[PDB]
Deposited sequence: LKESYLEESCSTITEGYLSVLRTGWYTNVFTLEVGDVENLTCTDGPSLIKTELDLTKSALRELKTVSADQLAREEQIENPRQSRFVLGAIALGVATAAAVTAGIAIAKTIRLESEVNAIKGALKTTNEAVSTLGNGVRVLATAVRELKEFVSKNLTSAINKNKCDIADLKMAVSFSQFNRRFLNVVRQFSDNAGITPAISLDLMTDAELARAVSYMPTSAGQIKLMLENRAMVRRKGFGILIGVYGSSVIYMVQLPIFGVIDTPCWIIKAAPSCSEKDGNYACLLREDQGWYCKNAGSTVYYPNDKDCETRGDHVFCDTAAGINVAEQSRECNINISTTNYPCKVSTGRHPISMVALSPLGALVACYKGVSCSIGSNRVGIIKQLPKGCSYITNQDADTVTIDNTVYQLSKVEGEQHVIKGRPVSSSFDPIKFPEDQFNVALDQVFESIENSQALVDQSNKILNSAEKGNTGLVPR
């Protein structure tokens, strides 16, 4: 990457970044089949299988609760549009049409009555064990069975389900991310594939599943007999490898600081601005930005990087009366504003101070620095381009 400092304005510009723009949401509806547990009873007394059966029955009882708690949250940013999706799939019609679509195959595309298409996935392993292997030997209504191997298989097969309940119970129906028990690695792989974009975008998302899980989330539909229904909204990064640049600034004092700080990515030649820090997130030299939280700015805005006194675009630099000393760290360096008259020093991690800095603005690189210190507070240099 190239990072160049602007003596005027006391800002920086790190160019050479490559976009990964979240342009849409893919919807993956899951059916976690449990296998009609509550029809099985434990009359043998205390037993290991009886502990595991109560755990599963207590789990969906609590899951039926958490759905009930957040349906009552209806009074009347991408999640608020995502529960609207969850509204249409919660009906008994869609659930049945979804379960019917998955009777034959473990995964298929189901066309919703609302004119949309979601991916339907079936995780049957729990119900398959509860019906074929479990309910056969416990059919006596006595759980103190001889095969201890069955109780340990019960613990292994129901773990994914128990964790999903814990996941939805703690976050009250909507997780902040796609976890390993919401979707496995393989289930994630099939979903991103099914997305409507080309091979390059599929390749990058498959190489960066951790960003897919990060920006994706999940909503709980509810229990329908022995079927935990929940939807997972996966991000669709439909535009990649476009130019991006970050311009972070310190107050230059005589006193002004640059208000159009933050991330900028081009999409189809139209430059777009990401003011908030959580809109964009970086992995190496790639910038994952939220398209929805984006502001289309005119391309004349790159004039703030040659001379701000250019009346082709109002660069909207802001002014303050009381000068404030600050340090805004950039990815490939640091800009230190030291206008109040304090001791300001560049340092290293095993040599100590390298040079004392003057009163004002001065840009530093990691090539000849590792820290920057004012007073007793020290700022460790790093590539925190994810900082605003």
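Undergrad: Against the full deposited sequence, which stretches does the structure leave out?
TA: Several regions go unmodelled: 77-97, 276-282, 417-476.
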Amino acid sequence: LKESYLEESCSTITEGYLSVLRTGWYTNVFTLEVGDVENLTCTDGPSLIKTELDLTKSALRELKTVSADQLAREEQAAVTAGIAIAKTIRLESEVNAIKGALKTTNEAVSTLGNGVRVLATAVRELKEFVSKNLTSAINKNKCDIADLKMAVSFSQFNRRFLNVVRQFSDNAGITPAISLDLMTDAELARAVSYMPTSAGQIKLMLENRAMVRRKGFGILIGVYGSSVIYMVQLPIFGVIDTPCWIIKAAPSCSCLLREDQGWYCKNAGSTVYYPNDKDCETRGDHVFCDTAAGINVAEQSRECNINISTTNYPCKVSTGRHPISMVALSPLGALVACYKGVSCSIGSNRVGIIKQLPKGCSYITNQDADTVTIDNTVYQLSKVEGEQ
From here on, numbers count along this sequence of modelled residues.
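Undergrad: Should the higher mean CA B-factor in the entry be assigned to 302-310 or to 192-200?
TA: So the stretch with the higher mean C-alpha B-factor is 302-310.
Undergrad: Do the C-alpha atoms of 160-168 or of 259-267 have the higher average B factor in the entry?
TA: Stretch with the greater average CA B-factor: 259-267.
Undergrad: Checking the record values for 56, 343, 28, 31, which has the greatest CA B factor?
TA: Comparing C-alpha B-factors across 56, 343, 28, 31, the top value belongs to 343.
Undergrad: Looking at 127, 283, 213, 316, which one carries the largest C-alpha B-factor according to the PDB entry?
TA: Highest CA B-factor of the listed options: 316.
Undergrad: When the deposited Cα B-factors of this chain's modelled residues are ordered and cut into thirds, is residue 146 in the lowest, the middle or the highest one?
TA: Tercile = highest for this residue's CA B-factor.
Undergrad: Quick one: classify residue 81 as lowest, middle or highest third of the chain based on its Cα B-factor.
TA: Middle third.
Undergrad: Ordered by C-alpha B-factor within the chain, which third holds residue 187? Give me lowest, middle or highest, please.
TA: Its C-alpha B-factor belongs to the lowest third of this chain's values.
Undergrad: Would you check the entry's CA temperature factor for residue 226 and let me know if it's in the chain's lowest, middle or highest third?
TA: Middle third by C-alpha B-factor.
Undergrad: Report the third (lowest, middle or highest) to which the CA temperature factor of residue 14 belongs, ranking only the modelled residues of the same chain.
TA: According to the entry, residue 14 has a C-alpha B-factor in the chain's middle third.
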